[PDB]
$ cat target.csv   # CSV, C-alpha atoms and all ligand atoms
chain,number,residue,atom,x,y,z
Z,1,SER,CA,8.1,-13.6,-14.7
Z,2,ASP,CA,7.1,-9.9,-14.4
Z,3,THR,CA,4.5,-10.3,-17.2
Z,4,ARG,CA,1.8,-12.2,-15.2
Z,5,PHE,CA,0.1,-12.7,-11.8
Z,6,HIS,CA,1.2,-16.0,-10.2
Z,7,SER,CA,-1.2,-18.2,-8.4
Z,8,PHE,CA,0.8,-19.8,-5.5
Z,9,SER,CA,0.1,-22.8,-3.4
Z,10,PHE,CA,-0.4,-22.2,0.3
Z,11,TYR,CA,2.3,-24.8,1.0
Z,12,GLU,CA,4.9,-22.9,-1.0
Z,13,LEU,CA,4.0,-19.7,1.0
Z,14,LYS,CA,4.1,-21.6,4.4
Z,15,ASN,CA,7.6,-22.8,3.3
Z,16,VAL,CA,9.2,-19.6,2.1
Z,17,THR,CA,8.0,-17.7,5.3
Z,18,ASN,CA,9.5,-20.5,7.7
Z,19,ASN,CA,5.9,-21.7,8.6
Z,20,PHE,CA,4.7,-18.1,8.9
Z,21,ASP,CA,7.3,-17.3,11.7
Z,22,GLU,CA,5.8,-14.5,13.9
Z,23,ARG,CA,9.2,-13.6,15.4
Z,24,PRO,CA,10.5,-10.1,14.0
Z,25,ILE,CA,12.7,-10.3,10.9
Z,26,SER,CA,15.3,-8.4,13.0
Z,27,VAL,CA,15.4,-11.5,15.5
Z,28,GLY,CA,15.7,-14.2,12.7
Z,29,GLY,CA,11.9,-14.7,12.1
Z,30,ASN,CA,9.7,-13.5,9.2
Z,31,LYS,CA,7.2,-11.0,10.6
Z,32,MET,CA,7.8,-7.6,8.8
Z,33,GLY,CA,4.8,-5.9,10.3
Z,34,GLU,CA,1.0,-6.1,10.2
Z,35,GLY,CA,-1.8,-4.4,8.3
Z,36,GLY,CA,-5.4,-4.1,9.3
Z,37,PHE,CA,-6.5,-7.6,8.3
Z,38,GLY,CA,-3.3,-9.6,8.3
Z,39,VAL,CA,0.4,-10.1,9.1
Z,40,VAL,CA,3.1,-9.4,6.4
Z,41,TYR,CA,5.9,-11.9,6.2
Z,42,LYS,CA,9.2,-11.9,4.3
Z,43,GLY,CA,9.4,-14.8,1.7
Z,44,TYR,CA,11.7,-16.0,-1.0
Z,45,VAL,CA,10.1,-17.2,-4.3
Z,46,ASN,CA,11.9,-17.5,-7.7
Z,47,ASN,CA,15.2,-16.5,-5.8
Z,48,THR,CA,13.4,-13.1,-5.3
Z,49,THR,CA,12.5,-11.5,-1.9
Z,50,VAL,CA,8.7,-11.1,-1.6
Z,51,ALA,CA,6.2,-9.8,1.0
Z,52,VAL,CA,3.4,-12.3,2.0
Z,53,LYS,CA,0.2,-10.9,3.5
Z,54,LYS,CA,-1.6,-13.8,5.3
Z,55,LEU,CA,-5.2,-12.7,5.9
Z,56,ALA,CA,-5.8,-15.1,8.9
Z,57,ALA,CA,-8.6,-15.7,11.5
Z,58,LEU,CA,-11.2,-11.0,5.2
Z,59,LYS,CA,-12.2,-12.5,1.7
Z,60,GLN,CA,-13.6,-9.0,0.9
Z,61,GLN,CA,-10.1,-7.6,1.5
Z,62,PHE,CA,-8.6,-10.5,-0.7
Z,63,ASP,CA,-10.9,-9.9,-3.8
Z,64,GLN,CA,-10.7,-6.1,-3.3
Z,65,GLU,CA,-6.8,-5.9,-3.4
Z,66,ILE,CA,-6.7,-8.3,-6.4
Z,67,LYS,CA,-9.4,-6.1,-8.2
Z,68,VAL,CA,-7.8,-2.7,-7.3
Z,69,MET,CA,-4.2,-3.7,-7.9
Z,70,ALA,CA,-5.0,-5.4,-11.3
Z,71,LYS,CA,-6.3,-1.9,-12.5
Z,72,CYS,CA,-3.8,0.3,-10.7
Z,73,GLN,CA,-0.1,-0.1,-11.9
Z,74,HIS,CA,2.2,2.9,-11.4
Z,75,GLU,CA,5.9,3.4,-10.2
Z,76,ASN,CA,4.5,5.0,-7.0
Z,77,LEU,CA,2.1,2.1,-6.2
Z,78,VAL,CA,3.1,-1.2,-4.5
Z,79,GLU,CA,3.1,-4.1,-7.0
Z,80,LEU,CA,1.1,-7.3,-6.4
Z,81,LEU,CA,2.8,-10.4,-7.8
Z,82,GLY,CA,0.2,-13.1,-6.9
Z,83,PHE,CA,-2.1,-14.8,-4.5
Z,84,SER,CA,-3.1,-18.1,-2.7
Z,85,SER,CA,-6.6,-19.4,-2.2
Z,86,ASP,CA,-6.3,-23.3,-2.2
Z,87,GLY,CA,-5.1,-24.1,1.4
Z,88,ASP,CA,-6.6,-22.8,4.7
Z,89,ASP,CA,-5.8,-19.0,5.0
Z,90,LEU,CA,-5.9,-16.4,2.1
Z,91,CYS,CA,-2.6,-14.9,1.0
Z,92,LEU,CA,-1.5,-11.9,-1.0
Z,93,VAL,CA,2.1,-11.8,-2.5
Z,94,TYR,CA,3.8,-8.4,-3.2
Z,95,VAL,CA,7.1,-7.1,-4.5
Z,96,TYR,CA,9.2,-6.7,-1.4
Z,97,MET,CA,10.1,-3.1,-0.2
Z,98,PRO,CA,13.7,-3.2,1.1
Z,99,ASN,CA,13.4,0.0,3.1
Z,100,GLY,CA,10.0,-0.9,4.7
Z,101,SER,CA,7.5,1.9,5.6
Z,102,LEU,CA,7.9,5.7,5.8
Z,103,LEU,CA,6.6,5.4,9.5
Z,104,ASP,CA,9.5,3.0,10.4
Z,105,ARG,CA,12.1,5.1,8.5
Z,106,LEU,CA,10.9,8.3,10.3
Z,107,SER,CA,11.2,6.6,13.7
Z,108,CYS,CA,14.6,5.0,12.8
Z,109,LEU,CA,13.3,1.6,13.8
Z,110,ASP,CA,15.9,-1.2,13.9
Z,111,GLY,CA,18.9,1.1,13.8
Z,112,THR,CA,18.3,2.7,10.4
Z,113,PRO,CA,19.8,6.2,9.9
Z,114,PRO,CA,17.5,9.3,9.9
Z,115,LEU,CA,16.1,10.3,6.5
Z,116,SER,CA,17.7,13.5,5.2
Z,117,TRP,CA,15.5,16.5,4.2
Z,118,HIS,CA,16.5,15.9,0.5
Z,119,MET,CA,15.2,12.2,0.7
Z,120,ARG,CA,12.1,13.5,2.6
Z,121,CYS,CA,11.2,15.9,-0.3
Z,122,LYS,CA,11.6,13.1,-2.9
Z,123,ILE,CA,9.4,10.8,-0.9
Z,124,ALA,CA,6.6,13.5,-0.5
Z,125,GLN,CA,6.7,14.0,-4.3
Z,126,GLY,CA,6.6,10.3,-5.1
Z,127,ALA,CA,3.7,9.7,-2.6
Z,128,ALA,CA,1.7,12.6,-4.2
Z,129,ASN,CA,2.4,11.1,-7.8
Z,130,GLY,CA,0.9,7.8,-6.5
Z,131,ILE,CA,-2.2,9.5,-5.1
Z,132,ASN,CA,-2.6,11.5,-8.3
Z,133,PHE,CA,-2.6,8.2,-10.3
Z,134,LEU,CA,-5.3,6.8,-8.0
Z,135,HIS,CA,-7.4,9.9,-8.2
Z,136,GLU,CA,-6.9,10.2,-12.0
Z,137,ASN,CA,-8.3,6.6,-12.2
Z,138,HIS,CA,-11.2,7.5,-9.9
Z,139,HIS,CA,-10.0,5.7,-6.8
Z,140,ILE,CA,-10.2,6.9,-3.2
Z,141,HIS,CA,-7.5,5.2,-1.0
Z,142,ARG,CA,-9.3,6.0,2.4
Z,143,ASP,CA,-6.2,5.0,4.5
Z,144,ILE,CA,-3.4,7.4,3.4
Z,145,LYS,CA,-0.8,7.3,6.3
Z,146,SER,CA,2.9,6.9,6.7
Z,147,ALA,CA,2.6,3.1,7.5
Z,148,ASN,CA,1.0,2.8,4.0
Z,149,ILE,CA,3.8,4.6,2.2
Z,150,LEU,CA,6.6,2.1,1.4
Z,151,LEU,CA,10.2,2.6,0.4
Z,152,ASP,CA,12.1,0.5,-2.2
Z,153,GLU,CA,15.9,0.1,-2.7
Z,154,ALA,CA,16.2,3.7,-4.0
Z,155,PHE,CA,13.7,5.2,-1.4
Z,156,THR,CA,11.0,5.6,-4.1
Z,157,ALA,CA,7.7,6.1,-2.3
Z,158,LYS,CA,5.0,3.4,-3.0
Z,159,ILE,CA,1.4,3.8,-1.8
Z,160,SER,CA,0.3,0.5,-0.4
Z,161,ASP,CA,-2.7,-1.3,1.3
Z,162,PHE,CA,-5.7,-0.8,-1.1
Z,163,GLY,CA,-8.0,-3.0,1.0
Z,164,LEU,CA,-10.3,-0.1,1.9
Z,165,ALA,CA,-10.0,1.6,-1.5
Z,166,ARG,CA,-13.2,2.8,-3.3
Z,167,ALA,CA,-14.1,3.5,-6.9
Z,168,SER,CA,-16.4,6.1,-8.7
Z,169,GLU,CA,-17.8,6.6,-12.2
Z,170,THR,CA,-20.1,13.3,-2.8
Z,171,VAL,CA,-21.2,9.8,-1.4
Z,172,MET,CA,-22.1,8.7,2.2
Z,173,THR,CA,-21.4,5.4,4.0
Z,174,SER,CA,-22.7,3.4,7.1
Z,175,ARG,CA,-19.4,1.5,7.6
Z,176,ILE,CA,-16.7,4.2,8.5
Z,177,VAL,CA,-13.2,3.0,7.9
Z,178,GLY,CA,-9.7,4.7,8.1
Z,179,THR,CA,-7.1,5.8,10.8
Z,180,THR,CA,-8.7,8.4,13.1
Z,181,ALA,CA,-5.4,10.4,13.6
Z,182,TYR,CA,-5.3,10.9,9.8
Z,183,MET,CA,-9.0,11.2,9.0
Z,184,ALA,CA,-10.7,14.4,7.6
Z,185,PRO,CA,-13.8,15.8,9.6
Z,186,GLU,CA,-16.2,14.7,6.8
Z,187,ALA,CA,-14.6,11.2,6.6
Z,188,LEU,CA,-15.2,10.7,10.3
Z,189,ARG,CA,-18.9,11.6,9.6
Z,190,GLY,CA,-19.1,9.0,6.8
Z,191,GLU,CA,-18.6,11.0,3.6
Z,192,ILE,CA,-16.6,9.3,0.8
Z,193,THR,CA,-14.5,11.8,-1.3
Z,194,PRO,CA,-10.9,12.0,-2.7
Z,195,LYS,CA,-10.7,15.4,-0.7
Z,196,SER,CA,-10.4,13.2,2.4
Z,197,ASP,CA,-7.2,11.6,1.0
Z,198,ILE,CA,-5.7,15.1,0.6
Z,199,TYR,CA,-6.4,15.9,4.3
Z,200,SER,CA,-4.6,12.6,5.3
Z,201,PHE,CA,-1.7,13.5,3.0
Z,202,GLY,CA,-1.4,16.8,4.9
Z,203,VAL,CA,-0.8,14.8,8.2
Z,204,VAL,CA,1.8,12.6,6.4
Z,205,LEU,CA,3.6,15.9,5.3
Z,206,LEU,CA,3.6,17.0,9.0
Z,207,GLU,CA,5.1,13.6,10.0
Z,208,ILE,CA,7.9,14.1,7.3
Z,209,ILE,CA,8.7,17.7,8.6
Z,210,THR,CA,8.7,16.7,12.3
Z,211,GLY,CA,9.4,13.0,12.5
Z,212,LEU,CA,6.7,12.8,15.1
Z,213,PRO,CA,3.9,10.1,14.9
Z,214,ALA,CA,0.3,11.3,14.0
Z,215,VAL,CA,-0.8,10.3,17.5
Z,216,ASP,CA,1.2,10.1,20.8
Z,217,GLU,CA,-0.6,9.5,24.2
Z,218,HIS,CA,2.4,11.1,26.1
Z,219,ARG,CA,2.4,14.3,24.0
Z,220,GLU,CA,0.9,17.7,24.0
Z,221,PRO,CA,-0.9,17.9,21.6
Z,222,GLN,CA,-1.8,14.1,21.4
Z,223,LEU,CA,-2.8,14.6,17.7
Z,224,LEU,CA,-0.1,15.9,15.3
Z,225,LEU,CA,-2.7,17.7,13.1
Z,226,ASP,CA,-3.3,20.1,16.2
Z,227,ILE,CA,0.2,21.7,15.7
Z,228,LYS,CA,-1.4,23.6,12.8
Z,229,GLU,CA,-3.5,25.5,15.4
Z,230,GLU,CA,-0.5,26.2,17.6
Z,231,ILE,CA,1.4,27.6,14.6
Z,232,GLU,CA,-1.7,29.7,13.5
Z,233,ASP,CA,-2.2,31.1,17.0
Z,234,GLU,CA,1.6,32.1,17.2
Z,235,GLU,CA,2.1,29.9,20.3
Z,236,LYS,CA,4.8,28.0,18.3
Z,237,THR,CA,6.7,28.2,15.0
Z,238,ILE,CA,7.3,25.5,12.3
Z,239,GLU,CA,11.0,25.8,13.2
Z,240,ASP,CA,10.3,24.5,16.8
Z,241,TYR,CA,8.8,21.4,15.2
Z,242,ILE,CA,11.4,20.6,12.5
Z,243,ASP,CA,12.9,17.1,13.0
Z,244,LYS,CA,16.2,17.5,14.9
Z,245,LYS,CA,17.4,14.2,13.3
Z,246,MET,CA,18.3,16.1,10.1
Z,247,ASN,CA,21.3,18.3,9.3
Z,248,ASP,CA,20.2,19.5,5.8
Z,249,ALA,CA,16.8,21.2,6.3
Z,250,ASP,CA,16.5,24.8,5.2
Z,251,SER,CA,13.7,27.1,6.5
Z,252,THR,CA,12.4,28.1,3.0
Z,253,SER,CA,11.8,24.5,1.7
Z,254,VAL,CA,10.5,23.4,5.1
Z,255,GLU,CA,8.0,26.4,5.2
Z,256,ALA,CA,7.0,25.6,1.6
Z,257,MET,CA,6.2,22.0,2.6
Z,258,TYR,CA,4.4,23.2,5.7
Z,259,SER,CA,2.3,25.6,3.6
Z,260,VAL,CA,1.2,22.6,1.4
Z,261,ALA,CA,0.4,20.6,4.6
Z,262,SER,CA,-1.5,23.6,6.0
Z,263,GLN,CA,-3.6,23.9,2.8
Z,264,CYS,CA,-4.3,20.1,2.8
Z,265,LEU,CA,-5.4,20.3,6.4
Z,266,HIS,CA,-8.2,22.8,5.8
Z,267,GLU,CA,-11.3,21.8,7.8
Z,268,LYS,CA,-13.6,22.7,4.7
Z,269,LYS,CA,-13.1,20.0,2.1
Z,270,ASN,CA,-13.7,22.4,-0.9
Z,271,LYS,CA,-11.0,24.8,0.3
Z,272,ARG,CA,-8.3,22.0,0.1
Z,273,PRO,CA,-6.1,21.8,-3.0
Z,274,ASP,CA,-6.7,18.9,-5.4
Z,275,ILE,CA,-3.8,16.3,-5.8
Z,276,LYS,CA,-2.6,18.0,-9.1
Z,277,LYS,CA,-2.1,21.3,-7.2
Z,278,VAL,CA,-0.4,19.4,-4.3
Z,279,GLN,CA,2.1,17.9,-6.9
Z,280,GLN,CA,2.6,21.3,-8.4
Z,281,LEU,CA,3.3,22.9,-5.1
Z,282,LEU,CA,5.7,20.1,-4.0
Z,283,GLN,CA,7.6,20.5,-7.4
Z,284,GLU,CA,8.0,24.3,-6.9
Z,285,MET,CA,9.4,23.6,-3.4
Z,286,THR,CA,12.6,22.0,-5.0
L,301,LIG,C1,-0.1,-4.0,4.8
L,301,LIG,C2,0.3,-4.2,3.4
L,301,LIG,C3,1.7,-4.3,3.1
L,301,LIG,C4,2.0,-4.5,1.8
L,301,LIG,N1,3.4,-4.6,1.5
L,301,LIG,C5,3.8,-4.8,0.2
L,301,LIG,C6,5.2,-4.9,0.3
L,301,LIG,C7,5.5,-4.7,1.7
L,301,LIG,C8,6.7,-4.7,2.3
L,301,LIG,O1,7.7,-5.2,1.7
L,301,LIG,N2,6.7,-4.2,3.6
L,301,LIG,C9,7.7,-4.1,4.5
L,301,LIG,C10,9.0,-4.3,4.1
L,301,LIG,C11,9.9,-4.2,5.1
L,301,LIG,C12,11.3,-4.4,4.9
L,301,LIG,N3,11.8,-4.1,6.2
L,301,LIG,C13,13.2,-4.2,6.6
L,301,LIG,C14,13.7,-2.8,6.7
L,301,LIG,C15,15.2,-2.5,7.1
L,301,LIG,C16,16.1,-3.7,6.8
L,301,LIG,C17,15.7,-1.3,6.4
L,301,LIG,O2,15.3,-2.3,8.5
L,301,LIG,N4,10.8,-3.8,7.1
L,301,LIG,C18,9.7,-3.9,6.4
L,301,LIG,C19,8.4,-3.7,6.8
L,301,LIG,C20,7.4,-3.8,5.8
L,301,LIG,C21,6.0,-3.5,6.3
L,301,LIG,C22,5.2,-4.8,6.5
L,301,LIG,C23,5.9,-2.6,7.5
L,301,LIG,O3,5.3,-2.6,5.3
L,301,LIG,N5,4.3,-4.5,2.4
L,301,LIG,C24,1.1,-4.5,0.8
L,301,LIG,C25,-0.2,-4.5,1.2
L,301,LIG,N6,-0.6,-4.3,2.5
$ encode --input "target.csv" --output "structure tokens"
Amino acid sequence: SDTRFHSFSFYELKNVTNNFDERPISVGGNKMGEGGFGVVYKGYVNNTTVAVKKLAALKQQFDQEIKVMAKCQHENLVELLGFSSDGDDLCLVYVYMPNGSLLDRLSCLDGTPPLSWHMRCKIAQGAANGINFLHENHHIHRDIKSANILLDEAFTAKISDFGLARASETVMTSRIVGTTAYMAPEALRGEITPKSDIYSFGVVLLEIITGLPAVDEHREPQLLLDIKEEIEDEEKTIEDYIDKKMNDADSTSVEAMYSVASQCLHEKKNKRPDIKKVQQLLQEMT
């Protein structure tokens, strides 16, 4: 049923994932990808396709995701269905995302067609609506990135992986977490603020425009957020960076998304727009 969280037995989860088959799902196995603290497997429970995150050799990431995802339910957030604690290895069960991650769709992994500019604008809007819900409910995601934006059967953006998420009732931490290529200057120093999630969203918007990953060792610049400087110093234009795997992009809406991305990427946290302004600006763009 869709009305309750289901506690599953480890043996049911080991069975529906073909004994946690680590061969890619594209080869006949069950591995869909891997988060920070586990591997995500495709499963079949109640005739339904599900996603199973096996936190193998943790606990803190199990009880966090259960706590955060019991409070946060929105159409632009990934839905948790249940969990497993009995047998050896902790497991988290989710509603399966038929189109995988934004990262995989932007890189056309496994033969998928490139996302149109139209689809890209709707995904940006959906992802911002999910972030707004989290911020309205005093949650800081701390790992906003294209791998953590999932796509359902209608390409509706769903923020996922709330293992590093933080509450509130500004703050500093000794244990710095996140993805360096997406992290704000203050988040790298240890500050905990929702303004850091806005910075990270700015990198995601650049990935949507360009189709380029946030970091690439064989690229100049290595870090995607550095293209903001090349465009500001008139060495390059946004036009030079627009993903060539699209046929429907128009300069005006691309420049309007770039302006939002540029504002999000301000080095001074207080000069960045809040999520409500990001939503407003992405709505005016279409
Ligand atoms: C880490 C984490 C994940 C999650 N969560 C929750 C749901 C899902 C989910 O369903 N995820 C994926 C589905 C995929 C489908 N496909 C097939 C695509 C096709 C046929 C078009 O090629 N590929 C995929 C890849 C992924 C991955 C694993 C990458 O997100 N993940 C939650 C909490 N934390």
$ atom_distance --input "target.csv" --atom1 "atom CA of residue 161 of chain Z" --atom2 "atom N1 of ligand LIG 301 (chain L)"
6.9 Å
$ closest_residue --input "target.csv" --among "Z:53, Z:4, Z:277, Z:272" --to "ligand LIG 301 (chain L)" --atoms "all atoms listed in the file"
Z:53
$ residues_near_point --input "target.csv" --point "(7.2, 3.1, -13.1)" --cutoff "12 Å" --atoms "all atoms listed in the file" --output "number ranges by chain"
Z: 72-79, 126, 129-130, 133, 156-158
$ residues_near_point --input "target.csv" --point "(-0.2, 12.5, 9.8)" --cutoff "7 Å" --atoms "only C-alpha atoms" --output "list in words"
residues 145, 181, 182, 200, 202, 203, 204, 205, 206, 207, 213, 214, 224 and 225 of chain Z
$ write_last_selection --input "target.csv" --atoms "C-alpha atoms" --output "tab-separated table (two decimals), keeping the file's coordinate frame"
chain	number	residue	atom	x	y	z
Z	145	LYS	CA	-0.80	7.30	6.30
Z	181	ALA	CA	-5.40	10.40	13.60
Z	182	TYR	CA	-5.30	10.90	9.80
Z	200	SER	CA	-4.60	12.60	5.30
Z	202	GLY	CA	-1.40	16.80	4.90
Z	203	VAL	CA	-0.80	14.80	8.20
Z	204	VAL	CA	1.80	12.60	6.40
Z	205	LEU	CA	3.60	15.90	5.30
Z	206	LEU	CA	3.60	17.00	9.00
Z	207	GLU	CA	5.10	13.60	10.00
Z	213	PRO	CA	3.90	10.10	14.90
Z	214	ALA	CA	0.30	11.30	14.00
Z	224	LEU	CA	-0.10	15.90	15.30
Z	225	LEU	CA	-2.70	17.70	13.10
$ residues_near_ligand --input "target.csv" --ligand "ligand LIG 301 (chain L)" --cutoff "9 Å" --atoms "only C-alpha atoms and all ligand atoms" --output "ChimeraX atom specification"
/Z:25-26,31-42,49-53,65,78-80,92-105,108-112,147-152,158-163
$ write_last_selection --input "target.csv" --atoms "C-alpha atoms" --output "compact mmCIF listing (two decimals), in the frame of the given file"
# COMPACT_ATOMS: atom_id res chain seq x y z
CA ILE Z 25 12.70 -10.30 10.90
CA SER Z 26 15.30 -8.40 13.00
CA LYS Z 31 7.20 -11.00 10.60
CA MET Z 32 7.80 -7.60 8.80
CA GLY Z 33 4.80 -5.90 10.30
CA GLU Z 34 1.00 -6.10 10.20
CA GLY Z 35 -1.80 -4.40 8.30
CA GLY Z 36 -5.40 -4.10 9.30
CA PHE Z 37 -6.50 -7.60 8.30
CA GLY Z 38 -3.30 -9.60 8.30
CA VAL Z 39 0.40 -10.10 9.10
CA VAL Z 40 3.10 -9.40 6.40
CA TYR Z 41 5.90 -11.90 6.20
CA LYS Z 42 9.20 -11.90 4.30
CA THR Z 49 12.50 -11.50 -1.90
CA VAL Z 50 8.70 -11.10 -1.60
CA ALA Z 51 6.20 -9.80 1.00
CA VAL Z 52 3.40 -12.30 2.00
CA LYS Z 53 0.20 -10.90 3.50
CA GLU Z 65 -6.80 -5.90 -3.40
CA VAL Z 78 3.10 -1.20 -4.50
CA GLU Z 79 3.10 -4.10 -7.00
CA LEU Z 80 1.10 -7.30 -6.40
CA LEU Z 92 -1.50 -11.90 -1.00
CA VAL Z 93 2.10 -11.80 -2.50
CA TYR Z 94 3.80 -8.40 -3.20
CA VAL Z 95 7.10 -7.10 -4.50
CA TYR Z 96 9.20 -6.70 -1.40
CA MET Z 97 10.10 -3.10 -0.20
CA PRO Z 98 13.70 -3.20 1.10
CA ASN Z 99 13.40 0.00 3.10
CA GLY Z 100 10.00 -0.90 4.70
CA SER Z 101 7.50 1.90 5.60
CA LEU Z 102 7.90 5.70 5.80
CA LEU Z 103 6.60 5.40 9.50
CA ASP Z 104 9.50 3.00 10.40
CA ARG Z 105 12.10 5.10 8.50
CA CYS Z 108 14.60 5.00 12.80
CA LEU Z 109 13.30 1.60 13.80
CA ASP Z 110 15.90 -1.20 13.90
CA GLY Z 111 18.90 1.10 13.80
CA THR Z 112 18.30 2.70 10.40
CA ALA Z 147 2.60 3.10 7.50
CA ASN Z 148 1.00 2.80 4.00
CA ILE Z 149 3.80 4.60 2.20
CA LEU Z 150 6.60 2.10 1.40
CA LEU Z 151 10.20 2.60 0.40
CA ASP Z 152 12.10 0.50 -2.20
CA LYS Z 158 5.00 3.40 -3.00
CA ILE Z 159 1.40 3.80 -1.80
CA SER Z 160 0.30 0.50 -0.40
CA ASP Z 161 -2.70 -1.30 1.30
CA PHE Z 162 -5.70 -0.80 -1.10
CA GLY Z 163 -8.00 -3.00 1.00
$ closest_residue --input "target.csv" --among "Z:64, Z:7, Z:18, Z:252" --to "residue 83 of chain Z" --atoms "only C-alpha atoms"
Z:7
$ atom_distance --input "target.csv" --atom1 "atom CA of residue 138 of chain Z" --atom2 "atom CA of residue 82 of chain Z"
23.7 Å
$ atom_distance --input "target.csv" --atom1 "atom CA of residue 60 of chain Z" --atom2 "atom CA of residue 164 of chain Z"
9.5 Å
$ closest_residue --input "target.csv" --among "Z:153, Z:229, Z:239, Z:274" --to "residue 197 of chain Z" --atoms "all atoms listed in the file"
Z:274
$ build_atoms --input "target.csv" --residues "segment 90-105 of chain Z" --atoms "N, CA, C and O atoms" --output "compact mmCIF listing (two decimals), in the coordinates of the input"
# COMPACT_ATOMS: atom_id res chain seq x y z
N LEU Z 90 -6.09 -17.17 3.37
CA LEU Z 90 -5.90 -16.40 2.10
C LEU Z 90 -4.63 -15.59 2.21
O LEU Z 90 -4.33 -14.98 3.24
N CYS Z 91 -3.88 -15.58 1.12
CA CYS Z 91 -2.60 -14.90 1.00
C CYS Z 91 -2.42 -14.06 -0.16
O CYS Z 91 -2.79 -14.46 -1.26
N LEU Z 92 -1.80 -12.88 0.03
CA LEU Z 92 -1.50 -11.90 -1.00
C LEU Z 92 0.03 -11.68 -1.09
O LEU Z 92 0.67 -11.45 -0.08
N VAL Z 93 0.63 -11.83 -2.26
CA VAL Z 93 2.10 -11.80 -2.50
C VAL Z 93 2.44 -10.49 -3.21
O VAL Z 93 1.79 -10.17 -4.19
N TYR Z 94 3.43 -9.73 -2.70
CA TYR Z 94 3.80 -8.40 -3.20
C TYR Z 94 5.29 -8.35 -3.53
O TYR Z 94 6.05 -9.17 -3.02
N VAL Z 95 5.71 -7.32 -4.30
CA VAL Z 95 7.10 -7.10 -4.50
C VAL Z 95 7.60 -6.52 -3.16
O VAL Z 95 6.92 -5.69 -2.57
N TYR Z 96 8.65 -7.07 -2.63
CA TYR Z 96 9.20 -6.70 -1.40
C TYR Z 96 9.81 -5.25 -1.40
O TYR Z 96 10.40 -4.84 -2.40
N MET Z 97 9.59 -4.50 -0.30
CA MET Z 97 10.10 -3.10 -0.20
C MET Z 97 11.27 -3.11 0.77
O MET Z 97 11.07 -3.19 1.98
N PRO Z 98 12.51 -3.10 0.21
CA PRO Z 98 13.70 -3.20 1.10
C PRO Z 98 13.87 -2.17 2.18
O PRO Z 98 14.55 -2.47 3.16
N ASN Z 99 13.26 -0.99 2.06
CA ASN Z 99 13.40 0.00 3.10
C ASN Z 99 12.12 0.15 3.96
O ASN Z 99 12.02 1.10 4.72
N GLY Z 100 11.22 -0.83 3.89
CA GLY Z 100 10.00 -0.90 4.70
C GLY Z 100 9.09 0.33 4.54
O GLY Z 100 8.91 0.79 3.42
N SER Z 101 8.49 0.80 5.64
CA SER Z 101 7.50 1.90 5.60
C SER Z 101 8.15 3.23 5.95
O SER Z 101 9.17 3.28 6.62
N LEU Z 102 7.51 4.32 5.50
CA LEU Z 102 7.90 5.70 5.80
C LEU Z 102 7.82 5.87 7.33
O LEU Z 102 8.76 6.42 7.90
N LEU Z 103 6.77 5.32 7.99
CA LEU Z 103 6.60 5.40 9.50
C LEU Z 103 7.87 4.85 10.16
O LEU Z 103 8.44 5.55 10.98
N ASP Z 104 8.31 3.63 9.81
CA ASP Z 104 9.50 3.00 10.40
C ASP Z 104 10.79 3.72 10.09
O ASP Z 104 11.67 3.74 10.94
N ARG Z 105 10.91 4.34 8.90
CA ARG Z 105 12.10 5.10 8.50
C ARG Z 105 12.13 6.42 9.27
O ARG Z 105 13.21 6.85 9.65
